[PDB]
Amino acid sequence: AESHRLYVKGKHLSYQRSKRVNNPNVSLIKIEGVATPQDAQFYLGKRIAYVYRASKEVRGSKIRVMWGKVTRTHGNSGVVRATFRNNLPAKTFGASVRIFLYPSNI
Amino acid sequence: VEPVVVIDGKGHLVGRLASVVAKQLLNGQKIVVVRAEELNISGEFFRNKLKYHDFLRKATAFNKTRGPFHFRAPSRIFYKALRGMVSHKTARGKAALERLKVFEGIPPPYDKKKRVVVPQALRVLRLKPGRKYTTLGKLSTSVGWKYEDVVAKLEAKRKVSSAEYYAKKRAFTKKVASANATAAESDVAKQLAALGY
Amino acid sequence: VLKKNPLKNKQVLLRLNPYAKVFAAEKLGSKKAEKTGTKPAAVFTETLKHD
Amino acid sequence: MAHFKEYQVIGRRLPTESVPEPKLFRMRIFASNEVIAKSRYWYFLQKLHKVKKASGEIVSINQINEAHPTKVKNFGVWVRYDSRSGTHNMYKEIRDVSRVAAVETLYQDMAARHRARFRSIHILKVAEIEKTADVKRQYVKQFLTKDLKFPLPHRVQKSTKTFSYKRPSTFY
Amino acid sequence: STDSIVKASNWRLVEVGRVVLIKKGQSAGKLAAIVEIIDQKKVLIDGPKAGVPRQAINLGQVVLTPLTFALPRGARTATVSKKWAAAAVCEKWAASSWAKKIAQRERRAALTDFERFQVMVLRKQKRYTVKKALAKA
Amino acid sequence: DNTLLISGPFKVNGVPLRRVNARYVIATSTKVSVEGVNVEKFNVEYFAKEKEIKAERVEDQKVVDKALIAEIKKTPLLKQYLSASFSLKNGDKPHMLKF
RNA sequence: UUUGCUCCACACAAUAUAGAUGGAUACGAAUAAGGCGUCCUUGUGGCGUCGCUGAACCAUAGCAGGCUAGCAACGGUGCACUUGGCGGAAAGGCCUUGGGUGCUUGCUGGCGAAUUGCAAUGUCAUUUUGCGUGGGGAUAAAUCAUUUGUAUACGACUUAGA
RNA sequence: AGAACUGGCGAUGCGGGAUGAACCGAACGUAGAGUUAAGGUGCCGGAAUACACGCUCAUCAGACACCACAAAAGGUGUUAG
RNA sequence: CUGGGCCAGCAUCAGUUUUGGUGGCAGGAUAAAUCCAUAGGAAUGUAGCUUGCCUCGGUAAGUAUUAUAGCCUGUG
């Protein structure tokens, strides 16, 4: 109980985009340990959270969370696509993100 | 999958190392590259020196001080290859970069910290045998880098220290693998083997 | 108000075209062919395998 | 022009009351699908008989499978082709397990060495070479010697991950 | 010294009877034998026992093993089997670290979560008795 | 109401009889016999919201648990297994692991 | 200038953060060659073994990890002390000796957990900065003005004045 | 500089050709999901440091239509004929 | 404290779509192979045999077409 994590780590790389136009509506996530679209199929539909600090407390907390979910895979190397209730801020390209194991249809 | 990754520059091909190290920064991973002076470039030394001179001719004509800066140190020759592969003028660019350090030799904390290689940028895996190449240290020196010998001196001093260290290590790992031997074949050991351990 | 596709949705599949009911029931989207032995003649194989 | 299959194409001129039953001609054509093969049939027939496919018909088209698709053979290959500055005949040899396998390397080789795309080459003949040492070409003879063995020095293994915690070796 | 000493790289040779381990494809994981050399890049292989179909293969999707057995070149599948068996090839392979690690790694991967837990508990037991040893001599 | 009735057992890891949703669960392959366990009475209205803790709840927990614990014990390290929390270690790949 | 100033402890309010959530786990060197183990003439030596990836190794069970009783070791690990040493490339860290103290899931018991109601906000990190207490500590200068002319367009420079 | 037929630009954004009136793709109400075109997929940058057979080493290599030039003539460089 | 209102999770569907696992059929040289039977061959010639070489273990040439390995071709 050194470890308590029940999510897989991921990184927020980019919005969906062509060379010169981006689409903030979809985000591209690289899930740790996932190298192929075949592997990434496991994570589709799972929930993600981006988790951040703020100065103003809300429900007596300075931690905040943006939720979303993995929607399809992306390209040939396990990258995955994700939509969020809001839209990841963009300063967060490179930030860590958390990919849960539910909804589980193990 | 590590807070900081430390790469041994040795036997690595600049551009391919630069390519991987740059993607690493843009994805959030801190990198420090050491031993930048034993980095290679493919194709023999005369061509690479020649190239560096073509780069030397470029300066702002009216004020050479505002025109391109020609960095001669191996670490910094590498930093140039990298920088060109990152949108270094945007905010996100500067952030990516700030996650990265380059050194000639391997200066302390890193000296007692593990280093990794990057196979897809490793020359011996990459260059076809017979193909001529260039040591970055030798190249720098010839275009004005001052500290080849200083870093050489420091490295041998370091390497002596590292040997002693590695020798204690091995000796210790003897005692362990020895004194293990008894437990190594014990009922618990047979159980672990049943589950692959 | 909504086009339903008989190719998914067996209900409208059955609405247009019954038969489907028997088609499925009898299989026949599978269905073994008879069996004959007829051999090709000499000349057909001579020239298949010619040069 | 791809992963090749070899076809028998058999065709003929359309019947006339004057000549019902006109003569039948066959070609063996290497192509990837049958639409190409019949195209190819007509391309050659038109250069060899007065006929356009508008006056003829294809009577049969049948894939010819390799008889011994795991015996290794040495093939003689005869080829006509266009260079940027003329046109040339050329004999080459290829070692392989099937004509279809041989022909495909013929095409890659004509591309590599002579910059000949497919439109520019005609396969003239392709033939298993019966007796060893009717083999004429060094770079295939080399493989025919008794108790042939060789190493494969300097092995590079592909890595699954970007960093590695050991300096690799090329040892085979 | 006074003999001429020359250490010579002891490469696994591509040769009839050389046994190889197939890296890729559908026969990935299985052993086959080189039957006939095609060129510097291709060979005919055949793995009757592991049920890998006699086929021309590119050497890059195969990995040479140290094992080799007597096999006349060109040998058809039937006599490949007879010979492979006569030679006791699987016996030799199984005995290798190489084959053992593959097996080890395979077994680990099949472990249940409960099983993973037991390995933990057992490890902690072994550890314990080890650290007191590694402390006495 | 589609849910899964869950136990623990309480004495083993402090989880009471409880509703759990099936999409938030991984099913291990490890399995205890549940033959001698009552369980008939438990349903949606059992959990119905009508602070305290009902005496029935506390007694049903003991009824169900005693039998479960009696089964769990016949298999070494099962108790301990269930007392111990699950987590991902560095290295774990959910899409690979067996459970 | 009246408030002061500084280092260490742990204590409250603001504040920021390119993004902790089991461990950045140290030979060097070659790659048409090497690692490791062992022997010795300590070598371009002999014998053995390994690779084919870290899919490793180490750690990991307990109210986010509570309360209580023992057995067996005498180990492990944390903490704050302590005996030696080593580290200047940016050493600011490393190895060591000796006890003390907490924990110990090596093993065997006795309790606890619910109702946070079928997921949602539920582990606290480290930066500054203002204040609060108790201890140790320390007790200046620079600028303007005045002046020199080795200086100077003005600033600037360089001198001198208790 | 001047004609022929058609298609364009002009009157027209959009995706590609770094850039660009006219090339390639494709023409345009406000949006969601999917799929593609032309063009791409080491890194800048979304996408295989993919797979396969060759060829090439340049003390001035080479790297993609329109297109941002190169010839006669030579080489015991190396390849295949 | 209910109710609205809105927001969310799960379930059963409907529309669109994307990505897997699996069953049954058809065709062709009624795939070609492999495998089996048989005829016939050869060489990058297996066993024998011959003769010098031996350390007499083995060996080199030569004979020899299945034998103390095997392969190729036809037909079935």
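Residues numbered from 1 in each chain as written, not as in the entry; some residues may be left out. Chains lettered and ligands numbered in written order. Part of a larger assembly, values for the part shown. Heavy atoms only, no water.

Engineer: What is the right way to look at the overall build of chain A in this model?
Structural biologist: The helix and strand tally for chain A stands at one helix and six strands. In chain A, the succession of α and β elements from N to C terminus is β-β-α-β-β-β-β. For 106 residues, the compact-globule estimate of 2.2 N^0.38 gives 13 Å, and the C-alpha radius of gyration of chain A, at 14 Å, lies within 12% of that figure. Counting only C-alpha atoms and orienting by the principal axes, one finds that chain A spans roughly 40 × 40 × 20 Å. Looking at the 106 residues of chain A, the share that counts as buried comes to 40%. Put simply, of all contacts in chain A between residues at least 6 apart along the chain, 55% involve residues at least 24 apart. Working note: accessible area of chain A is about 6,400 Å², and carbon and sulfur atoms make up 48% of it. (Helix = DSSP H or I, 4+ residues; strand = E, 2+ residues; numbered from the N terminus. Rg over C-alpha atoms; globule rule 2.2 N^0.38 Å. Buried < 20%, exposed > 50% of the residue type's maximum accessible area, 1.4 Å probe, protein only. Contact = heavy atoms within 4.5 Å. Areas by Shrake-Rupley, 256 points an atom, 1.4 Å probe, with all protein chains shown as cover.)

Engineer: Explain the sheet that holds strand β1 (residues 4-8) of chain B to me, please; I cannot follow it from the model alone.
Structural biologist: Sheet strands line up and pair through hydrogen bonds in the backbone, either parallel or antiparallel. Residue and element names in this part refer to chain B. With respect to topology, three strands assemble into an open sheet ordered β1-β2-β4, the strand pairing being parallel. Of all the strands in the sheet, the pair left with one neighbour each is β1 and β4 (100-102). Ignoring strand direction, the axes of neighbouring strands in this sheet form an average angle of 15°. In this structure, strand β2 (residues 30-34) lies alongside β4, joined through three bridges in parallel fashion. Counterpart to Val-33 in the pairing with β4 is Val-102. (Pairing = 2+ DSSP bridges. Axes fitted to C-alpha atoms, helices over the stretch in contact; angles between N-to-C directions.)

Engineer: It is not clear to me how the nonpolar core should be interpreted in this structure. Could you clarify?
Structural biologist: Most often, soluble globular proteins keep nonpolar side chains buried together rather than apart. One finds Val14(E), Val43(E) and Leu64(E) to be the most contacted residues of the largest nonpolar core, which totals 37 residues. The set of elements that each furnish at least two residues to this core consists of β1 (18-22), β2 (31-37), β3 (42-47), β4 (52-58), β5 (62-68), α1 (77-87) and α2 (89-94) of chain E. The residues contacting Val43(E), other than those within four sequence positions of it, are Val14(E), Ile34(E), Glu36(E), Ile37(E), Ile38(E), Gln55(E), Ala56(E), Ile57(E) and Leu59(E). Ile7(B), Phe78(B), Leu82(B) and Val116(B) belong to the second-largest nonpolar core, a separate cluster that totals 31 residues. (Core = buried A, V, L, I, M, F, W, Y, C linked by side-chain atoms within 4.5 Å.)

Engineer: Would you mind going over helix α4 (residues 113-133) of chain E with me for this structure?
Structural biologist: Two residues of an α-helix separated by three or four positions point the same way, owing to the 3.6 residues in each turn. With 21 residues, α4(E) should cover 30 Å at 1.5 Å per step; its first-to-last C-alpha distance of 31 Å lies within 8% of that length. For α4(E), the set of buried residues is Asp113(E), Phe114(E), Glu115(E), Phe117(E), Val119(E), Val121(E), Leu122(E) and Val130(E). On its buried face, α4(E) is in contact with α7 (148-184) and α8 (187-194) of chain B, α3 (97-109) of chain E together with α4 (78-83) of chain F. (Expected span 1.5 Å × (residues − 1).)

Engineer: In this structure, what is going on with the packing of α8(B) against α4(E)? I would like to understand it.
Structural biologist: In a packed pair of helices, the relevant descriptors are the angle between the two axes and the axis-to-axis distance. The geometry of α8(B) relative to α4(E) is characterised by a closest axis approach of 10 Å and an angle of 150° between their N-to-C directions. Considering the angle they form, α8(B) stands roughly antiparallel to α4(E). In the packing of α8(B) onto α4(E), the handedness of the crossing is left-handed. Contact with α8(B), carried on its side by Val188(B), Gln191(B) and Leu192(B), involves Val119(E), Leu122(E), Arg123(E) and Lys126(E) of α4(E) and no other residues of that element. Grouping the amino acids of the contact of α8(B) with α4(E) by side-chain chemistry returns four nonpolar, one polar and two charged. (Parallel < 35°, antiparallel > 145°, perpendicular 65-115°, else oblique. Left-handed = near helix turned anticlockwise from the far one by under 90°. Nonpolar A, V, L, I, M, F, W, Y, C, P; charged D, E, K, R; others polar.)

Engineer: Any chance you could explain the side chain of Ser27(A) here in plain terms?
Structural biologist: Residue and element names in this part refer to chain A. Structurally, the position occupied by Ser-27 is in strand β2 (residues 22-31). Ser-27 sits in the buried class, given a relative accessible area of 2%. One polar contact links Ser-27 to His-12, side chain to side chain, over a distance of 2.4 Å. Aside from chain neighbours lying at most four places away, what touches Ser-27 is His-12, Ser-14, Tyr-15, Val-80, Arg-81, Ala-82, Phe-84 and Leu-88. (Polar contact = N/O pair within 3.5 Å; in protein donor to acceptor, adjacent residues only side chain to side chain.)

Engineer: Looking at this structure, I do not really get a nonpolar patch on the surface. What am I missing?
Structural biologist: All names here are of chain B. Together, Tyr-147, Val-150 and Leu-154 make up a nonpolar patch on the protein surface, roughly 280 Å² of accessible area in all. For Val-150, the location among the structural elements is in helix α7. On the basis of relative accessibility, which here comes to 43%, the residue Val-150 falls in the partly exposed class. (Patch = residues over 30% accessible without salt bridge, like charges linked within 9 Å, V, L, I, M, F, W, Y side chains within 5 Å. Salt bridge = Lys/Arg side-chain N within 4 Å of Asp/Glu carboxyl O.)

Engineer: Hey, could you run me through the sheet that holds strand β1 (residues 7-17) of chain A in this one?
Structural biologist: Residues and elements named next belong to chain A. With antiparallel pairing, the six strands of this closed barrel are ordered in space as β1-β2-β5-β4-β3-β6. On average, each strand axis in the sheet is tilted by 45° relative to the strand beside it, whichever way the strands run. In the sheet, β1 pairs with β2 via seven bridges, with the strands oriented antiparallel. Counterpart to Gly-10 in the pairing with β2 is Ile-31.

Engineer: Looking at this model, I keep getting lost on the environment of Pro16(F). Mind explaining?
Structural biologist: Within the fold, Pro16(F) resides in the loop between α1 (10-13) and β2 (18-20). With ten residues separating them in the primary sequence, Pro16(F) and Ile6(F) have C-alpha atoms 7.9 Å apart.

Engineer: I'm lost on the interface of chain E and chain D in this one. Help?
Structural biologist: You'll often see interface size given as the accessible area lost when the parts meet. On the chain D side, the residues contacting the 18 residues of chain E number 15 residues. The tally of links from chain E across to chain D stands at two salt bridges. Taking the shortest distance from any N to any O, the salt bridge between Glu36(E) and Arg95(D) comes out at 3.6 Å. In this structure, the connection of chain E to chain D is made through seven residue pairs in polar contact. Those elements that provide at least two residues to the side of chain E that touches chain D are β2, β3, β4 and β5 of chain E. Element by element, the count of residues in the side of chain E that touches chain D is highest for β5(E), at three residues.

Engineer: I'm lost on the protein's contact with RNA strand H in this one. Help?
Structural biologist: Near RNA strand H you find 37 residues, and of these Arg72(A), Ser77(A), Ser19(B), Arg47(B) and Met85(B) are the closest. For RNA strand H, a sugar or linking oxygen lies 2.7 Å from a polar atom in the backbone of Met85(B). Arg126(B) places a polar side-chain atom, nitrogen or oxygen, 3.3 Å from a sugar or linking oxygen of RNA strand H. For the surface near RNA strand H, the secondary structure elements donating two or more residues are α1 (14-26) and α2 (45-56) of chain B together with β5 (87-96) and α2 (99-114) of chain D. With five residues, α1(B) is the single largest residue contributor to the surface near RNA strand H. Residues of the surface near RNA strand H, tallied by class, amount to eleven nonpolar, ten polar and 16 charged. (Near = heavy atom within 4 Å.)

Engineer: What is the right way to read the interface of chain D and chain C from this model?
Structural biologist: Taken together, the contact between chain D and chain C spans seven residues of the former and six residues of the latter. Between chain D and chain C, the buried area comes to about 450 Å², and carbon and sulfur atoms account for 45% of it. Of all residues in chain D, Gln8(D), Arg26(D) and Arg28(D) give up the largest surface area on contact with chain C, accounting jointly for 66% of the area buried on that side. In this assembly, chain D and chain C are joined by zero salt bridges. Our count for the contact surface shared by chain D and chain C stands at four residue pairs in polar contact. (Buried area = accessible area lost by both parts, 1.4 Å probe.)

Engineer: Please explain the packing of aromatic side chains as it appears in this structure.
Structural biologist: The geometry of an aromatic ring pair is captured by the separation of the ring centres together with the interplanar angle, meaning the angle of the planes. Counted according to the given criterion, the structure contains 22 aromatic pairs over all chains. Centroid distance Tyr102(A) to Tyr24(F): 5.0 Å. Interplanar angle 35°. Geometry classified as tilted. Of this pair, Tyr102(A) sits in the segment after β6 (96-100) while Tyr24(F) sits in the loop between β2 and α2 (44-47), which puts the two residues in different chains. Following the ring pairs from residue to residue traces out a cluster consisting of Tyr7(A), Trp67(A), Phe100(A), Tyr102(A) and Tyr24(F). Looking at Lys80(B), its charged tip hangs above the ring of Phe55(B), at a distance of 5.3 Å from the centre. Against the face of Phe99(F) rests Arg116(E), its NZ or CZ located 5.4 Å from the ring centre. (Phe/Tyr/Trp six-rings, centres within 6.5 Å; stacked < 30°, edge-to-face > 60°. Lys NZ or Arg CZ within 6 Å of the ring centre and 35° of its normal.)

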